[PDB]
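Right, one structure below, let's go through it.
Protein chains: 2
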Amino acid sequence: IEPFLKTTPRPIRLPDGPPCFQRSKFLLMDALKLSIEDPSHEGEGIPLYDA
Amino acid sequence: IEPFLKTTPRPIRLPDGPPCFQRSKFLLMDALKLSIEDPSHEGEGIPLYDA
Numbered sequence: 257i258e259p260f261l262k263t264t265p266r267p268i269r270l271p272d273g274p275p276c277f278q279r280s281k282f283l284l285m286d287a288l289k290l291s292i293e294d295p296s297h298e299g300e301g302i303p304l305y306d307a
Numbered sequence: 257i258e259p260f261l262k263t264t265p266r267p268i269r270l271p272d273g274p275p276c277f278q279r280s281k282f283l284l285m286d287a288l289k290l291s292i293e294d295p296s297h298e299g300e301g302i303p304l305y306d307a
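Pasting the structure below:
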């Protein structure tokens, strides 16, 4: 055994190399949405036509 | 000539026979309308689907 001392754990070094790049299937902050402006309640829609 | 006197013109006699019957292409007082409840302004509709 050893004393897992206060000053012992060094800061974990992150890898270095090229910059990290996004891989999400859909962007998250920069996206925006073209509203429909509140259709009726009985009118169902096959989604293409609403789009 | 003759004097078209005040008392001369008898009341025109309407014909007599069976009762008069409607022939309009669409009834007029008794009809009613199933509303759509105010759709949007951009959504055009081929009329069957609105009906």
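Protein sequence lines correspond, in order, to chains E and A.
In terms of the deposited numbering, the first sequence is residues 257 to 307.
In terms of the deposited numbering, the second sequence is residues 257 to 307.
Note that CB positions come from ideal geometry on N, CA and C, so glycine has one too.
The alpha helix (DSSP H) enclosing residue i, as first and last residue numbers
i	result
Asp306/A	303-306
Exercise. Should the segment 274-286 of chain E be called in touch with the segment 277-285 of chain A, which here means at least 3 C-beta pairs below 8 Å?
Worked result: No, the segment 274-286 of chain E does not touch the segment 277-285 of chain A.
For this session: Mind the definition here: the segment 286-297 of chain A touches the segment 294-303 of chain E only if three or more C-beta pairs lie below 8 Å; say whether that holds.
Result: Using a Cβ-Cβ distance cut-off of 8 Å, the segment 286-297 of chain A and the segment 294-303 of chain E are in contact, since at least three pairs of beta carbons, one from each stretch, lie closer than that value.
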